């Protein structure tokens, strides 16, 4: 069995230090790492956040769970694949450690965030929520057109967590388990950009007015959602060579959806899904940064100044894209 071999290889390998793996760096790149190495990085993230120790995770179970998560991403989807999920978790790790966000959260919240980050795009088909609704996909029918992809991702997450030999939450009490699942679901649903756009104004206003208070349960939940989005979109903050590469992957996925819309819906795709409008990418990236990204990274820096590198990188990438749009 090809999978039992993968499991043994992973379980027997040494876990290099966080320093060696560079996973505390906001500028981290997975490009030169093998699949096995990304799995080892993932073990190191769980380990250095004290999750293995505090929740008594069995090494073998953690290894299998990480392998189940990775295998449940589609290798044929250009951007929303295991590497995106892995990078999102890495950004979460960096924000918690280098950005000092770990001191503001509970162990259960950190556990949920890391699991959620790794699991948030599980089995992503490479098409948008609106595409799924307009084509009457089984997913859209299943979830009544509401955060379709995100409900699917959480259901896939739960399926992995409840499957034999992958139960990494077996060391939690029942009350802890129920709490953790509730947070994971909210954290995964938060990655629906429509929900981010809907909820972020409250967060930005609380920050502007110096009223942000993490002891208020609603504000804590709001913050966790915002942090999920910050990590989900973090490729936009990477050094230029990395961001330019990831942007090509994002455009590939979009153009592939546009091809599907041409054949299956017999429509002309919008500019962002139109491969013929490839020349417009730079201005669309500037638009994405201005409307979606910049305000979030600005707000996060007010929460913790040590998260500044995310804002800095985002600003630098805006300058490079704007230069290419003239």
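Residue numbers count along the first chain shown, from 1.
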Quick one: higher average CA temperature factor, 122 to 130 or 161 to 169?
161 to 169
On average, which has the higher Cα B-factor in the deposited entry, 224 to 232 or 209 to 217?
209 to 217
Highest Cα B-factor in the PDB entry belongs to which of 64, 70, 263, 44?
263
B-factor third for the C-alpha atom of residue 33 within its chain:
middle
Binned into thirds over the chain's modelled residues, the C-alpha B-factor of residue 199 lands in the middle
Within this chain's modelled residues, let me know which third the CA B factor of residue 288 belongs to: lowest, middle or highest.
middle
Using the B-factor values recorded in the entry, state whether the Cα atom of residue 60 falls in the lowest, middle or highest third among the modelled residues of its chain.
middle
Quick check for you: using the entry's CA B-factors within this chain, is residue 75 in the lowest, middle or highest third?
highest
